[PDB]
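entry.tsv (TSV, C-alpha atoms and all ligand atoms) appears below.
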chain	number	residue	atom	x	y	z
A	1	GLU	CA	96.23	110.98	90.38
A	2	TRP	CA	96.79	114.61	91.43
A	3	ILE	CA	98.32	113.17	94.59
A	4	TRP	CA	100.99	111.25	92.64
A	5	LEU	CA	102.02	114.35	90.70
A	6	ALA	CA	102.01	116.48	93.87
A	7	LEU	CA	103.86	113.90	95.96
A	8	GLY	CA	106.37	113.46	93.15
A	9	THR	CA	106.87	117.19	92.77
A	10	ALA	CA	107.54	117.54	96.49
A	11	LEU	CA	109.98	114.61	96.71
A	12	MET	CA	112.00	115.83	93.71
A	13	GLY	CA	112.00	119.35	95.11
A	14	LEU	CA	113.20	118.33	98.55
A	15	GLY	CA	115.83	116.04	97.06
A	16	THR	CA	117.14	118.80	94.80
A	17	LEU	CA	117.17	121.07	97.84
A	18	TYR	CA	119.08	118.63	100.02
A	19	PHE	CA	121.65	117.83	97.33
A	20	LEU	CA	122.02	121.55	96.64
A	21	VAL	CA	122.60	122.56	100.27
A	22	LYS	CA	124.81	119.52	101.01
A	23	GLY	CA	127.28	120.29	98.22
A	24	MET	CA	127.96	123.87	99.33
A	25	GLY	CA	131.26	124.39	101.07
A	26	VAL	CA	132.43	121.06	99.62
A	27	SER	CA	135.65	122.22	97.98
A	28	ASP	CA	136.87	118.95	96.46
A	29	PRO	CA	137.08	119.43	92.65
A	30	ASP	CA	136.16	115.81	91.92
A	31	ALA	CA	133.26	115.85	94.38
A	32	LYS	CA	131.82	119.14	93.10
A	33	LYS	CA	131.24	117.56	89.68
A	34	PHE	CA	129.11	114.77	91.13
A	35	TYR	CA	127.09	117.34	93.07
A	36	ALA	CA	126.54	119.47	89.95
A	37	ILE	CA	125.23	116.53	87.91
A	38	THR	CA	123.27	114.90	90.74
A	39	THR	CA	121.49	118.07	91.81
A	40	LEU	CA	120.64	118.90	88.20
A	41	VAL	CA	118.84	115.57	87.63
A	42	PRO	CA	116.13	116.05	90.31
A	43	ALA	CA	115.98	119.79	89.49
A	44	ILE	CA	114.96	118.98	85.91
A	45	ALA	CA	112.43	116.32	87.03
A	46	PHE	CA	110.94	118.71	89.60
A	47	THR	CA	110.31	121.32	86.91
A	48	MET	CA	108.41	118.79	84.81
A	49	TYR	CA	106.28	117.38	87.59
A	50	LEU	CA	105.44	120.87	88.80
A	51	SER	CA	104.45	121.67	85.19
A	52	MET	CA	102.12	118.66	85.09
A	53	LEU	CA	100.43	119.83	88.30
A	54	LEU	CA	99.64	123.09	86.50
A	55	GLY	CA	98.61	121.28	83.33
A	56	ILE	CA	100.08	115.58	78.91
A	57	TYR	CA	102.59	113.07	80.27
A	58	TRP	CA	105.00	113.78	77.45
A	59	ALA	CA	106.42	116.27	79.93
A	60	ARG	CA	107.71	113.44	82.09
A	61	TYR	CA	109.01	111.86	78.89
A	62	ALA	CA	110.96	115.04	78.11
A	63	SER	CA	112.50	114.84	81.57
A	64	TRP	CA	113.72	111.27	80.90
A	65	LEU	CA	115.47	112.62	77.83
A	66	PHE	CA	117.58	115.07	79.83
A	67	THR	CA	118.08	113.02	82.98
A	68	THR	CA	118.99	109.51	81.83
A	69	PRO	CA	122.13	110.83	80.02
A	70	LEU	CA	123.19	112.72	83.18
A	71	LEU	CA	122.69	109.62	85.37
A	72	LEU	CA	124.85	107.71	82.93
A	73	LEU	CA	127.45	110.51	83.03
A	74	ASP	CA	127.49	110.17	86.83
A	75	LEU	CA	128.22	106.44	86.56
A	76	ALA	CA	130.91	106.97	83.92
A	77	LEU	CA	132.75	109.56	86.02
A	78	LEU	CA	132.63	107.17	88.98
A	79	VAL	CA	134.59	104.51	87.10
A	80	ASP	CA	136.68	106.98	85.10
A	81	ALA	CA	135.38	105.72	81.74
A	82	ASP	CA	137.05	106.97	78.56
A	83	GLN	CA	135.41	109.54	76.27
A	84	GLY	CA	134.47	107.13	73.50
A	85	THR	CA	132.55	104.75	75.77
A	86	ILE	CA	130.60	107.64	77.31
A	87	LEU	CA	129.53	108.91	73.89
A	88	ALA	CA	128.37	105.48	72.78
A	89	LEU	CA	126.31	105.25	75.99
A	90	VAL	CA	124.65	108.63	75.59
A	91	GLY	CA	124.17	107.86	71.92
A	92	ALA	CA	122.34	104.61	72.71
A	93	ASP	CA	120.40	106.40	75.43
A	94	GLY	CA	119.37	108.98	72.83
A	95	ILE	CA	118.10	106.22	70.59
A	96	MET	CA	116.29	104.59	73.53
A	97	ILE	CA	114.28	107.71	74.37
A	98	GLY	CA	114.04	108.82	70.74
A	99	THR	CA	112.72	105.56	69.31
A	100	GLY	CA	110.46	105.19	72.31
A	101	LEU	CA	108.83	108.43	71.19
A	102	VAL	CA	108.71	107.54	67.49
A	103	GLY	CA	106.93	104.27	68.19
A	104	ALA	CA	104.39	105.86	70.55
A	105	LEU	CA	103.70	108.06	67.50
A	106	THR	CA	103.00	105.30	64.93
A	107	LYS	CA	99.54	103.74	64.94
A	108	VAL	CA	100.36	100.53	63.12
A	109	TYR	CA	101.15	97.69	65.53
A	110	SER	CA	103.98	96.28	63.42
A	111	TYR	CA	105.92	99.52	62.97
A	112	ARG	CA	105.52	100.46	66.62
A	113	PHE	CA	106.53	97.01	67.82
A	114	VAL	CA	109.86	97.48	66.06
A	115	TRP	CA	110.44	100.95	67.49
A	116	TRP	CA	109.93	99.78	71.05
A	117	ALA	CA	111.96	96.65	70.35
A	118	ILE	CA	114.81	98.85	69.06
A	119	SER	CA	114.37	101.03	72.12
A	120	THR	CA	114.63	98.02	74.45
A	121	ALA	CA	117.68	96.80	72.54
A	122	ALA	CA	119.42	100.16	73.15
A	123	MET	CA	118.45	99.93	76.84
A	124	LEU	CA	119.99	96.43	77.06
A	125	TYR	CA	123.27	97.64	75.50
A	126	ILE	CA	123.40	100.35	78.17
A	127	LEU	CA	122.78	97.92	81.08
A	128	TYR	CA	125.23	95.41	79.57
A	129	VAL	CA	127.98	98.03	79.50
A	130	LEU	CA	127.19	99.05	83.05
A	131	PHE	CA	127.07	95.52	84.39
A	132	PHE	CA	129.94	93.93	82.53
A	133	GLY	CA	132.00	96.81	81.12
A	134	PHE	CA	131.83	99.20	84.09
A	135	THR	CA	132.07	96.55	86.81
A	136	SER	CA	135.46	95.27	85.57
A	137	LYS	CA	136.74	98.85	85.51
A	138	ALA	CA	135.34	99.61	88.96
A	139	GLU	CA	136.98	96.57	90.58
A	140	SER	CA	140.40	97.84	89.52
A	141	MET	CA	139.75	101.04	91.47
A	142	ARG	CA	139.71	102.20	95.10
A	143	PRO	CA	137.48	100.02	97.36
A	144	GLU	CA	135.09	102.91	98.05
A	145	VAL	CA	134.50	103.38	94.31
A	146	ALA	CA	134.08	99.67	93.59
A	147	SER	CA	131.59	99.28	96.45
A	148	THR	CA	129.47	102.37	95.81
A	149	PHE	CA	129.44	101.67	92.11
A	150	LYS	CA	128.07	98.15	92.69
A	151	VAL	CA	125.10	99.48	94.65
A	152	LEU	CA	124.35	102.28	92.15
A	153	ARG	CA	124.77	99.73	89.36
A	154	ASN	CA	122.24	97.32	90.90
A	155	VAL	CA	119.76	100.11	91.65
A	156	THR	CA	120.03	101.40	88.07
A	157	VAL	CA	119.66	98.06	86.31
A	158	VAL	CA	116.54	97.10	88.34
A	159	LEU	CA	114.76	100.45	88.17
A	160	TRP	CA	115.58	101.24	84.53
A	161	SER	CA	114.47	97.72	83.49
A	162	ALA	CA	111.04	98.32	85.03
A	163	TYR	CA	110.20	101.23	82.65
A	164	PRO	CA	109.61	99.19	79.48
A	165	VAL	CA	107.53	96.73	81.56
A	166	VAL	CA	105.22	99.42	82.95
A	167	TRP	CA	104.98	101.07	79.53
A	168	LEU	CA	104.02	97.87	77.70
A	169	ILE	CA	101.20	96.91	80.07
A	170	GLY	CA	100.17	100.53	80.43
A	171	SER	CA	97.99	102.82	78.34
A	172	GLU	CA	100.78	103.04	75.71
A	173	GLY	CA	101.05	99.29	75.36
A	174	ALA	CA	98.32	96.67	75.99
A	175	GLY	CA	96.16	98.95	78.04
A	176	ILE	CA	96.09	96.76	81.12
A	177	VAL	CA	97.11	99.25	83.81
A	178	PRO	CA	94.89	102.35	84.35
A	179	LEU	CA	96.28	105.75	83.41
A	180	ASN	CA	96.19	106.86	87.06
A	181	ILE	CA	98.03	103.82	88.46
A	182	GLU	CA	100.58	104.05	85.67
A	183	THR	CA	101.31	107.58	86.88
A	184	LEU	CA	101.73	106.17	90.39
A	185	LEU	CA	104.22	103.63	89.11
A	186	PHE	CA	106.38	106.02	87.08
A	187	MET	CA	106.57	108.57	89.90
A	188	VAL	CA	107.89	105.92	92.31
A	189	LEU	CA	110.39	104.74	89.72
A	190	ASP	CA	111.50	108.32	88.84
A	191	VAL	CA	111.89	109.38	92.47
A	192	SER	CA	113.89	106.17	93.03
A	193	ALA	CA	116.12	106.48	89.98
A	194	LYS	CA	117.07	110.08	90.83
A	195	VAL	CA	116.62	111.02	94.50
A	196	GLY	CA	117.25	107.51	95.91
A	197	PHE	CA	120.11	107.30	93.44
A	198	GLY	CA	121.54	110.68	94.42
A	199	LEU	CA	121.30	109.92	98.13
A	200	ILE	CA	123.39	106.75	97.73
A	201	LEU	CA	126.01	108.52	95.64
A	202	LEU	CA	126.37	111.83	97.51
A	203	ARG	CA	126.46	110.32	101.00
A	204	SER	CA	129.40	108.14	99.89
A	205	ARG	CA	133.08	109.10	100.05
A	206	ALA	CA	133.60	107.60	96.60
A	207	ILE	CA	132.92	111.03	95.06
A	208	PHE	CA	136.14	112.50	96.47
A	209	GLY	CA	139.49	112.28	94.70
A	210	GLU	CA	141.36	111.60	97.97
B	301	LIG	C1	114.38	109.67	85.99
B	301	LIG	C2	114.04	108.86	84.89
B	301	LIG	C3	114.58	107.69	84.40
B	301	LIG	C4	115.79	107.00	85.02
B	301	LIG	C5	113.94	107.12	83.26
B	301	LIG	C6	114.22	106.00	82.54
B	301	LIG	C7	113.48	105.50	81.42
B	301	LIG	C8	113.71	104.38	80.66
B	301	LIG	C9	114.88	103.45	80.92
B	301	LIG	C10	112.80	104.06	79.56
B	301	LIG	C11	112.83	103.01	78.68
B	301	LIG	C12	111.92	102.58	77.57
B	301	LIG	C13	112.21	101.47	76.81
B	301	LIG	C14	113.42	100.58	76.96
B	301	LIG	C15	111.33	100.97	75.67
B	301	LIG	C16	110.33	102.03	75.13
B	301	LIG	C17	109.66	102.71	76.24
B	301	LIG	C18	110.59	103.42	77.27
B	301	LIG	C19	110.92	104.82	76.71
B	301	LIG	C20	109.67	103.53	78.52

This entry written out as structure tokens:
Amino acid sequence: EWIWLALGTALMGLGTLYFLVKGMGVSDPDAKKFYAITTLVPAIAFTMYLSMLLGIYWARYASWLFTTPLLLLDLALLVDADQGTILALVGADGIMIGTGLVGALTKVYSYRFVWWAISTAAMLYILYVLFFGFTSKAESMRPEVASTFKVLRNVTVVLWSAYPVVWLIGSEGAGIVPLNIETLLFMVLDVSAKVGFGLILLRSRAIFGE
């Protein structure tokens, strides 16, 4: 298990580093914003994984809290979403992570069930907006934006959807998957949803205003 935390810490660190060095010199106003957000995401995750190496897993949970909203912000800027829609998204994301925590805090099966069901519901509203709401908006924009958004959209829906699955069969849910393997799983997902995500976005010309 120490290997998963170490490997994760290194991958987040190197990603943050790459994104950080790549964005320097880049003078495009529009582009600089994507770099700021995208470098911050893996920087926050790196800090938490490094903390776990020195340390339970609620640390990684705290990182989801800060990062998921930023990843959503990245997507919203890509398709030039209006203020209202962004707020609703981050609001629902806040409920997703918040109720996920509340339920993992209640011992009675029935109460918890509802918290994690409410959490999943908020997650589905988010993915619905991204898939249906954001896609229509993206297709009315520059080809580069439409195309890069579609990939980031597909990566996000698949990866994000896997979290509740792992969690339910893991030590927090049914207790099927061992605590060490669960850690393996979440690190791969996290590295994918942030570094893999950032790589796709930042190596694309869609971030420039033109
Ligand atoms: C870098 C980290 C990312 C992208 C983390 C994403 C986490 C989620 C989408 C978590 C979702 C959950 C539910 C929908 C139900 C309750 C349990 C959670 C918190 C695992």

| task | Would you mind reading off the distance between atom CA of residue 175 of chain A and atom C10 of ligand LIG 301 (chain B), one decimal, in Å? | result |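 Computing it gives 17.5 Å between the two atoms.
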
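A straight line drawn from atom CA of residue 65 of chain A to atom CA of residue 89 of chain A is 13.2 Å long.
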
Surroundings of ligand LIG 301 (chain B) up to 8 Å, based on only C-alpha atoms and all ligand atoms, as a short mmCIF file (atom, residue, chain, number, x, y, z; two decimals) with C-alpha atoms, keeping the file's coordinate frame:
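Produced file part.cif, reproduced below:
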data_model
loop_
_atom_site.label_atom_id
_atom_site.label_comp_id
_atom_site.auth_asym_id
_atom_site.auth_seq_id
_atom_site.Cartn_x
_atom_site.Cartn_y
_atom_site.Cartn_z
CA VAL A 41 118.84 115.57 87.63
CA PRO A 42 116.13 116.05 90.31
CA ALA A 45 112.43 116.32 87.03
CA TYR A 61 109.01 111.86 78.89
CA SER A 63 112.50 114.84 81.57
CA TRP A 64 113.72 111.27 80.90
CA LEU A 65 115.47 112.62 77.83
CA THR A 67 118.08 113.02 82.98
CA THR A 68 118.99 109.51 81.83
CA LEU A 71 122.69 109.62 85.37
CA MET A 96 116.29 104.59 73.53
CA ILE A 97 114.28 107.71 74.37
CA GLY A 98 114.04 108.82 70.74
CA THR A 99 112.72 105.56 69.31
CA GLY A 100 110.46 105.19 72.31
CA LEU A 101 108.83 108.43 71.19
CA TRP A 115 110.44 100.95 67.49
CA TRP A 116 109.93 99.78 71.05
CA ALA A 117 111.96 96.65 70.35
CA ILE A 118 114.81 98.85 69.06
CA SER A 119 114.37 101.03 72.12
CA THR A 120 114.63 98.02 74.45
CA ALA A 121 117.68 96.80 72.54
CA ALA A 122 119.42 100.16 73.15
CA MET A 123 118.45 99.93 76.84
CA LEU A 124 119.99 96.43 77.06
CA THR A 156 120.03 101.40 88.07
CA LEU A 159 114.76 100.45 88.17
CA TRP A 160 115.58 101.24 84.53
CA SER A 161 114.47 97.72 83.49
CA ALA A 162 111.04 98.32 85.03
CA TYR A 163 110.20 101.23 82.65
CA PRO A 164 109.61 99.19 79.48
CA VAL A 165 107.53 96.73 81.56
CA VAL A 166 105.22 99.42 82.95
CA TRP A 167 104.98 101.07 79.53
CA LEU A 168 104.02 97.87 77.70
CA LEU A 189 110.39 104.74 89.72
CA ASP A 190 111.50 108.32 88.84
CA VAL A 191 111.89 109.38 92.47
CA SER A 192 113.89 106.17 93.03
CA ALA A 193 116.12 106.48 89.98
CA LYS A 194 117.07 110.08 90.83
#

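For the residues A:12, A:43, A:78, A:210, ranking by smallest atom-to-atom distance to residue 139 of chain A using all atoms listed in the file places A:78 first.
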
| atom CA of residue 125 of chain A to atom CA of residue 90 of chain A: how many Å, to one decimal? |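 So the two atoms, atom CA of residue 125 of chain A and atom CA of residue 90 of chain A, lie 11.1 Å apart.
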
| Given all atoms listed in the file as the counted atoms, nearest of A:85, A:106, A:136, A:38 to residue 149 of chain A |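 Of all the options, A:136 lies closest to residue 149 of chain A.
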
| Sphere at (107.4, 113.6, 84.5), radius 9 Å, counting all atoms listed in the file: residues as a list in words |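 Residues lying no farther than 9 Å from the given point: residues 5, 8, 45, 46, 47, 48, 49, 50, 51, 52, 57, 58, 59, 60, 61, 62, 63, 64, 183, 186, 187 and 190 of chain A.
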
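Nearest to residue 152 of chain A of all the residues A:17, A:195, A:75, A:102 is A:75, based on all atoms listed in the file.
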